[PDB]
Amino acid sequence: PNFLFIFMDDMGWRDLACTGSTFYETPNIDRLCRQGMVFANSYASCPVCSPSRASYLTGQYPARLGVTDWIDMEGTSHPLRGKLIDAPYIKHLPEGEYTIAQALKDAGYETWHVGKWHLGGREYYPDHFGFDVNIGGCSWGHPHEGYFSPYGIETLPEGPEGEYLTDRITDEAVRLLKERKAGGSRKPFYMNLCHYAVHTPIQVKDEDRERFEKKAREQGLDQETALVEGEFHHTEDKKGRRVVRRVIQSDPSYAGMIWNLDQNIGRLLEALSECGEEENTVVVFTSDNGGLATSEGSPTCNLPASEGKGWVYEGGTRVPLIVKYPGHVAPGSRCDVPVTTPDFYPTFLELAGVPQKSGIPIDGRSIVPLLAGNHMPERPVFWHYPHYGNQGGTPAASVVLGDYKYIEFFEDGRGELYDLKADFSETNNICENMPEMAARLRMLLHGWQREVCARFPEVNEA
């Protein structure tokens, strides 16, 4: 069984037509959804980039790993400072880790990483962690020199001037498939396809931008207040600047990026079938964190889930998830059991038939039963973000268990309890109406924190 893991950057939970978008159009991804299972309660294990990507590669929670913030490679930003100081974090995937690429490669797989990496400098590139190929992956968190050739990526040779990064990365993925077919498909492959989309700057071809300016016109959206200024930011480096929340999906350039992305998923999936590998490829479409909605241009909206990237509220942790596996997963099905990033590692091992290495810690759970149509025992899901981020949040930790969600904020020690079944949008803090429910979820969160050795932000005495 091949694994094709399509990992979007910063794609919010309502950023697909098939997961609830009111403006964006994603016909090729919609088809994939029709051919597989979609997950309504799909989470990333962190509200920003590198920790969720480290959690994916290791099947571990970010705090057990030590990578709990997005990696600022040249220390010009972290640690951020407010009333608290950002906690320190390991600025790369820790060296001793045994990744899913290593496990699968040890079990006979071809392992390819394509696209965004963001897990350290050259000593911690994909090749040191079980990957045979690295096309376009480096230490950058986004296209530092834009989406148009030249890109500046040391592991991606430049294309003709005017080449679009998202198109080229797809070509690179299509090239690996056809190459493998030419050599006889000796081994099952494992592709970690990490798009640079849809991270800022939102740079798109003009035909794709204009498409959705016309639609926003004929739809009336051009006349609707999309951005709304809110509170002041919380760190010294943004003193004076206010949080700008986007309250409606209407951004035409952002829609164009997603339209272009959808054509590329079309190209990619058509190559996979042209290689006679559709029947036996597990296809996963997901994202590393929630949509960007509260700063840096606010290209998208995640309402009725609150806020977005950088926040521990639902809008920042929720994420689309489609899984297709012909013959095994029922097409056009849906599952509502909470699923999180560290779950894929043991899922893939179970689908490959490969035992776990003794003694490595695994915080995730194989979702193979859900992919079959069966419930599983209730388990909590956790977050621990002891940083501010750039988007408006403040350091916090979180547990979801059943219908309830507990959040504690490190600035003032306060807790917030939500009944997400009755109150999906987190409008009604019921901490004090249910002290008992709060105390259980608070203690559960603290015990997990002790077990994974979480670090906490220290007060700022300046």
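Residue indices: 1-based, along the sequence shown.
- In this entry, 72-80 shows the higher mean Cα temperature factor of the pair 72-80 and 184-192.
- Note on 331-339 vs 84-92: mean CA B-factor is higher in 84-92.
- Which of 385, 313, 348, 164 has the largest Cα B-factor in the deposited entry comes down to 164.
- The maximum CA B-factor among the listed residues 289, 300, 225, 306, taken from the PDB record, is found at 225.
- Residue 64: CA B factor in the middle third of modelled residues in this chain (values from the PDB entry).
- In this PDB entry, residue 400 carries a Cα temperature factor that places it within the lowest third of its chain's modelled residues.
- Ranked by C-alpha B-factor against the other modelled residues of its chain, residue 232 falls in the highest third.
- For residue 31, the recorded CA B-factor ranks within the middle third of the chain. Only modelled residues enter the ranking.
- In the deposited entry, the Cα temperature factor of residue 363 places it in the lowest third of its chain's modelled residues.
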